[PDB]
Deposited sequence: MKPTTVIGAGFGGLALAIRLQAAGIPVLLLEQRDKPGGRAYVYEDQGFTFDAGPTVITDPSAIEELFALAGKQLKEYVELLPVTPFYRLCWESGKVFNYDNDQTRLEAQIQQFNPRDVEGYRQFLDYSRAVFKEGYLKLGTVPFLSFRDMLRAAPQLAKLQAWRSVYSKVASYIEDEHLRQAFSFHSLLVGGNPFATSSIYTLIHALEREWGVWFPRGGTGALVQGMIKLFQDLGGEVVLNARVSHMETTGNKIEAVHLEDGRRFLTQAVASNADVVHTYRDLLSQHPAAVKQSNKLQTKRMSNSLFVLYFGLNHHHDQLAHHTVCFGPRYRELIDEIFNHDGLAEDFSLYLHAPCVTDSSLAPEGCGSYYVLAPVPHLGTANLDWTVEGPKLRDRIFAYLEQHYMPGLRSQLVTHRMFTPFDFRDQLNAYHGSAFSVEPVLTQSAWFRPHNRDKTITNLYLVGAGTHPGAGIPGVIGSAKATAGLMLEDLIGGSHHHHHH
């Protein structure tokens, strides 16, 4: 049988290839060339937030395997930390005792205000309401961050929290969490409350994103699939309304039954950096608030070494920071000059407020500015973070299997 070709498509393409291969279809997975490594430091900005691994576990169950045999998921505690430039901190988790102890520190009166807020909200959603595990997208929150407090979803949730909670930092903390677990900055408080109706946590794969990719590739190969590396697609070869073969830039030609591939608000500035010191005082996920309450979401810091020390050399740290920037073309910016300047301003800010001796500890770093981000019968388009990408591959697999079998 001619193999079925899956062209890149990240976690979606990898999940699709696994489901086709598990079903008896010979697959060729083409990787063009999400995780970068330099001087012993491992850098991934590929969404690390795992709250619901069930869609991943479901792929491994198809081969009669378990995810744990290939990938170890590490619990992240707290889920994240909210940091105000003023020095105030709020550690988010699902433990009412640890939440109340923090609320007590901001405003004693707000512990009862919080309990009353939960009692009222539970009563509203007691009947006729179901659900889905909350998914944390710091990127999506940050891409809407300048206009965060401006939004109708924020205003509505803020006024609902404000009816019970008097403290400004606490009104901001709960409103932020509601919009974060909601996924789409939805005026209804159900999302904030539903989060607690279920036992959920934050997980991180040992080795990060790269180890999850590698475990899925190993699963794919154990099922009999083949991986083509440095596969730069030049064009498709056609006969009638069908693709006969996939052609690569290097001259390789692969005969195929079917082809599956990917489709073909503020911007974000990414800054990866490696330090020769492990900042053990940081949370894995940090949401930084700054002025222009008179403070809003300004930086996201990912410090995965507090959970996984394998991401950097011994006594070192691997980090990334996201900063919201105007959309490319929108502010007539020269990212060749603006990028190094923003990088240096970010370093100074993080050192001043959260990471002492940052600059003197720098080993390596890299920026990704908005500039850097620049009929057929047997052709299929592949397509909530990683589990959401993986789950969308399930529908493509079903459709492809019906046409192949």
Problem set entry | Missing C-alpha runs, given along the deposited sequence, first residue counted as 1 | 34-40, 138-139, 195-196, 276-302, 331-343, 426-455, 465-470, 493-501
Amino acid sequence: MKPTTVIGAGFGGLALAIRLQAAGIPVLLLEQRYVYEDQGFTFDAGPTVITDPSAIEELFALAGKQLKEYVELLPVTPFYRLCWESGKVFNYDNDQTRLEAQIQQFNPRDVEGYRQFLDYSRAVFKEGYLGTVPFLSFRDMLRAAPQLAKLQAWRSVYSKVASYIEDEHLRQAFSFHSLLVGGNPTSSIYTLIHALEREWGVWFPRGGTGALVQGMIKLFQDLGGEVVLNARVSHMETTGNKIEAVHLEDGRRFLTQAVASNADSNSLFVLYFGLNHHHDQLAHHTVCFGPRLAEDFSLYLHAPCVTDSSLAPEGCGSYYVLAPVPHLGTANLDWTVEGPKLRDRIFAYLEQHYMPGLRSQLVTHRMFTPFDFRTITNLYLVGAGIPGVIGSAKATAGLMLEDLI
From here on, numbers count along this sequence of modelled residues.
Exercise. If you average the Cα B factors in the entry, which is higher, 103-111 or 139-147?
Worked result: 139-147
Problem set entry | 294-302 or 187-195, whichever carries the higher mean Cα B-factor | 187-195
For this session: Name the one of 274, 329, 225, 207 with the greatest CA B-factor according to the PDB entry.
Result: 329
Problem set entry | Highest recorded Cα temperature factor - choice among 172, 318, 307, 132 | 132
Seminar exercise, completed: residue 363: CA B-factor among chain residues, third -> lowest
Problem set entry | Relative C-alpha B-factor of residue 95, binned into the chain's lowest, middle or highest third | middle
Problem set entry | Chain-wide C-alpha B factor ranking for residue 156, given as lowest, middle or highest third | middle
Problem set entry | CA B-factor placement of residue 242, once the chain's modelled residues are sorted into thirds | highest
For this session: Consider only the C-alpha atoms of the modelled residues in this chain, order them by B-factor as the entry records it, and name the third containing residue 404: lowest, middle or highest.
Result: highest
